[PDB]
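Quick heads-up: it's one chain on its own, the form deposited in one PDB entry, in structure tokens.
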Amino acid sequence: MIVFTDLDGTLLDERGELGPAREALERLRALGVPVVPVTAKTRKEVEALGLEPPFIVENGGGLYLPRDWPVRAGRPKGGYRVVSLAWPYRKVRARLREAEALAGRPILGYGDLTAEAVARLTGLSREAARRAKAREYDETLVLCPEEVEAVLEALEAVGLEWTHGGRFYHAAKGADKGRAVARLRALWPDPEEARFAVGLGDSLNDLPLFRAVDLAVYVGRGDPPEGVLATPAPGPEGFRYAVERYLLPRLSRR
């Protein structure tokens, strides 16, 4: 079993911290069950949480592996090995200018904003906002609700893909959480261990994750997507519940 988990609104509390999930994560570690973050966050943000690879960043844009992963893949990038699945940020940003020209409306993303502005918009500290701005694949958009319909159509017209991560829309090309999870499972050193995948998440950007796993669990607000399990409470309390009710039983058996 491998557990693939989203971060914001799933494993992380409302302040972006891992505290509330520690107990459940320790249960999993004790049982030798690997946990793989699969997130809209950047590599810099994941590193700041103290999370080690393998992990998947920017909505599946990048798969990061340990430098000594037994299966040789990707290219060395700063102490890791990286498998790039999506277009680079620079290309997304260039194509966004074309979308903006079509929409006839400004389309602002983090790349247009100061760290100070991103901090104000997100509730992050200035330092954390700098990490959120260090994007390699995916752009986070800052859209007024009134312009969303027009903007999304403009993104499609210019060949970009969009998703939504809980509070913000994102634009990218080739970044899909399920594509990335599939790739990582195919690169797993122990085929048996990778045979059964669990996926937990809370937002639209997790729908492809749920399709790529064998057991899907929704810990967001409201009703779950069809065929995905719910928990009584959202976020880390939902993650904890899922570990204790859905996973632990499956880990003994017979």
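In case it trips you up, residue 1 is the first one in the sequence shown, and so on. Take the two forms, superpose them, and find the largest set of C-alpha atoms that agree within 1.5 Å; that set is the rigid core.
As for the form deposited in another entry, it is not shown, yet the points below apply to it.
- With the core superposed, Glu17 shows a C-alpha displacement of at least 2 Å between this form and the one not shown.
- Annotation: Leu28/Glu17 CA-CA distance shorter in that other deposited form than in the displayed model, change of at least 3 Å.
- The pair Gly16 and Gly109 is looser in that other deposited form: their Cα-Cα distance rises by no less than 3 Å compared with this form.
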